[PDB]
There are 4 protein chains.
Amino acid sequence: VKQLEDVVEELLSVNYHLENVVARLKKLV
Amino acid sequence: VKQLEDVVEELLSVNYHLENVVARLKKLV
Amino acid sequence: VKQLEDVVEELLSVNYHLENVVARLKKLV
Amino acid sequence: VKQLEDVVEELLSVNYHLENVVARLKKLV
Ligand code: NA
Ligand code: NA
Ligand code: NA
Ligand code: NA
Ligand code: NA
Ligand code: NA
Ligand code: NA
Ligand code: NA
């Protein structure tokens, strides 16, 4: 688990970070 | 543009799809 | 596990699919 | 454009970062 919950942490951040870049793209475009 | 807005469409879907898989992972884990 | 390996499957596909949309964006842009 | 190529930069990094977290998950799991 302890390794798994650290992957989950990094996935949460990657996912938030993609959603902010996609919102920025969508108003650029 | 017309090519750009189709990339934006696919990014929106990829991003939603990642958020649902991450929510599922986070309650599995 | 069986639930975990199905999340892993979906993540693999989401990740491939993002890499193809990013390659397409990068040559559009 | 200059705004677009900065989105592209951030997408490249998000995509690399997801692929490393997915590779780590897949060998955890
Ligand atoms: Na932590
Ligand atoms: Na940003
Ligand atoms: Na459409
Ligand atoms: Na799903
Ligand atoms: Na399968
Ligand atoms: Na595509
Ligand atoms: Na730069
Ligand atoms: Na990492």
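Basis of the calculations
Residues numbered from 1 in each chain as written, not as in the entry; some residues may be left out. Chains lettered and ligands numbered in written order. Heavy atoms only, no water. Contact = heavy atoms within 4.5 Å. Buried area = accessible area lost by both parts, 1.4 Å probe. Salt bridge = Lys/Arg side-chain N within 4 Å of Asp/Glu carboxyl O. Polar contact = N/O pair within 3.5 Å; in protein donor to acceptor, adjacent residues only side chain to side chain. Nonpolar A, V, L, I, M, F, W, Y, C, P; charged D, E, K, R; others polar.

Listed as the method for this PDB entry is X-ray crystallography; the listed resolution is 2.00 Å.

J.: Hey, could you run me through the interface of chain D and chain A in this one?
T.: Accessible area lost during the coming together of the parts is what is often quoted as the interface size. On the side of chain A, 13 residues touch chain D, which itself brings 13 residues to the contact. Both faces considered, chain D and chain A share a buried interface measuring about 1,400 Å² in area, 79% of it formed by carbon and sulfur atoms. Put simply, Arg-24 of chain D and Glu-10 of chain A hold a salt bridge, and the shortest N to O gap is 3.4 Å. Counting the contacts that link chain D with chain A gives 4 residue pairs in polar contact.

J.: Looking at this structure, I do not really get the interface of chain B and chain D. What am I missing?
T.: At the interface, 4 residues of chain B touch 4 residues of chain D. The junction of chain B with chain D conceals about 240 Å² of combined surface from both sides, 100% of it contributed by carbon and sulfur atoms. At the junction of chain B with chain D, the criterion picks out 0 salt bridges. Scanning the region where chain B abuts chain D turns up 0 residue pairs in polar contact. Looking at the side of chain B that touches chain D residue by residue, the classes come out as 4 nonpolar, no polar and no charged.

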